[PDB]
Amino acid sequence: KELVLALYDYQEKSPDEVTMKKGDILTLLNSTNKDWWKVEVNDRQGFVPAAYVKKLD
């Protein structure tokens, strides 16, 4: 597993993005991009800004 913690709220602005709330724990799916990470937030997958999450492992 790789988990990350949402440091801020983020609301999706494009079709490939997802929404998260501060304090959510998200499953990290792909961190190859330096600016945008693909995560799973409960049941949805998509991108959020990498700077807005913190790796936990």
Side-chain angles (χ1 to χ4, degrees):
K1 80 193 191 317
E2 257 183 313
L3 300 171
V4 295
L5 167 63
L7 300 173
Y8 306 100
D9 294 338
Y10 182 77
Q11 287 96 54
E12 63 198 79
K13 294 160 185 52
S14 87
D16 63 2
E17 293 174 18
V18 64
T19 294
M20 65 188 187
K21 303 185 148 96
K22 181 177 154 67
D24 282 348
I25 300 300
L26 344 195
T27 292
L28 177 64
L29 300 177
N30 186 313
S31 59
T32 59
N33 195 94
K34 67 164 171 74
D35 292 321
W36 290 94
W37 285 357
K38 191 179 192 180
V39 296
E40 178 171 63
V41 188
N42 222 60
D43 284 310
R44 299 185 60 214
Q45 303 179 354
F47 290 84
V48 299
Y52 294 11
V53 300
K54 180 201 144 92
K55 281 185 168 153
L56 295 179
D57 260 351

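One is the number of the first residue; the rest follow in order along the sequence. Heavy-atom basis, side chains included; hydrogens, waters and symmetry copies ignored.
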> Which distance, rounded to the nearest 0.5 Å, do you find between the CG of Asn33 and the NZ of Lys38?
Replying inline: 12.5 Å
> Can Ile25 be reached from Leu28 by stepping across I, L, V, M, F, W or Y side chains whose heavy atoms are under 4.5 Å apart?
Replying inline: yes
> Got a second to check how far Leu26's CG is from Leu3's CG, nearest 0.5 Å?
Replying inline: 8.5 Å
> Can you name the residues that form a side-chain contact (heavy atoms from CB on, under 4.5 Å) with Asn42, not counting sequence neighbours?
Replying inline: none
Indicate every side-chain donor-acceptor pair of residues 45-57 with a distance under 3.5 Å to a residue at least two apart or in another chain.
from, atom 1, to, atom 2, distance (Å)
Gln45, NE2, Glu40, OE2, 3.0
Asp57, OD2, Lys1, NZ, 3.1

Hey, can you pull the donor-acceptor pairs under 3.5 Å for the side chains in residues 16-23, sequence neighbours left out?
from, atom 1, to, atom 2, distance (Å)
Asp16, OD1, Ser14, OG, 2.5
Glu17, OE1, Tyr10, OH, 2.6
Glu17, OE1, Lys13, N, 2.9
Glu17, OE2, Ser14, OG, 3.4
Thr19, OG1, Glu12, N, 3.1
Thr19, OG1, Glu12, OE1, 2.7

